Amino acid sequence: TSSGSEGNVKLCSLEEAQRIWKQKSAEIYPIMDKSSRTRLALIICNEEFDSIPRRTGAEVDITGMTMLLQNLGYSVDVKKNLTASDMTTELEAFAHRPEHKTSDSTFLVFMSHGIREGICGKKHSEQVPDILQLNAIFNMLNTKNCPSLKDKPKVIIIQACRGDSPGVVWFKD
């Protein structure tokens, strides 16, 4: 049933969970007790921009991801329409969250316009760039700047253009 907390996410059975833990050795990330763990996730989605076109359909993405990450057991923070500076501030705040200490992993989701150099903030234009670099996301969440997530999976997902090219070439058959 999809009426449960995991919604449409197919469940791993105990026999399945024991088999994964058996077949492969001690090279799986440990999972914390469901009862006590405090899993956290952050979605930053820029939909309305100052200069660049409106990201129509962003609502479907936010809804889908939010529900999915909740289904997987994460408490989801959703922040919308931020400058690169605001995103950095929000990321710094996320890294300082006490729940990470009693969490086993995290998800970070960025959804916005993007260029080759990185993700576009709300105030972005070609004349006055407003860009968050992927490099900065890793730095803010690494062991130095986020000690609480040491040894824990940090999954970053980015929906954005990485340039202007269609990404295709022709060949004959």
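Numbers follow the displayed sequence, beginning with 1. The term rigid core refers to the maximal set of C-alpha atoms that superpose within 1.5 Å between the two forms.
Once the rigid core is used to overlay the structures in 5 other deposited structures of this protein, the stretch among 39-47 and 24-32 whose CA atoms lie farther from this form is 24-32. Relative to the displayed structure, the C-alphas of 15-23 lie farther away on average in 5 other deposited structures of this protein than those of the other candidate, with 149-157 and 15-23 compared after rigid core superposition. In this entry, 19-27 shows the higher mean Cα temperature factor of the pair 19-27 and 161-169. On average the C-alpha atoms of 50-58 have higher B-factors than those of the other stretch, with 50-58 and 140-148 being the two compared. When the C-alpha B factors of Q70, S105, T63, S35 are read from the deposited coordinates, the top value falls at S35. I156 sits in the lowest third of its chain by CA B factor, as recorded in the PDB entry. Annotation for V128: CA B-factor lies in the highest third of the chain's modelled residues. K122: CA B factor in the highest third of modelled residues in this chain (values from the PDB entry). Sort the chain's modelled residues by C-alpha temperature factor and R39 lands in the lowest third, per the entry.
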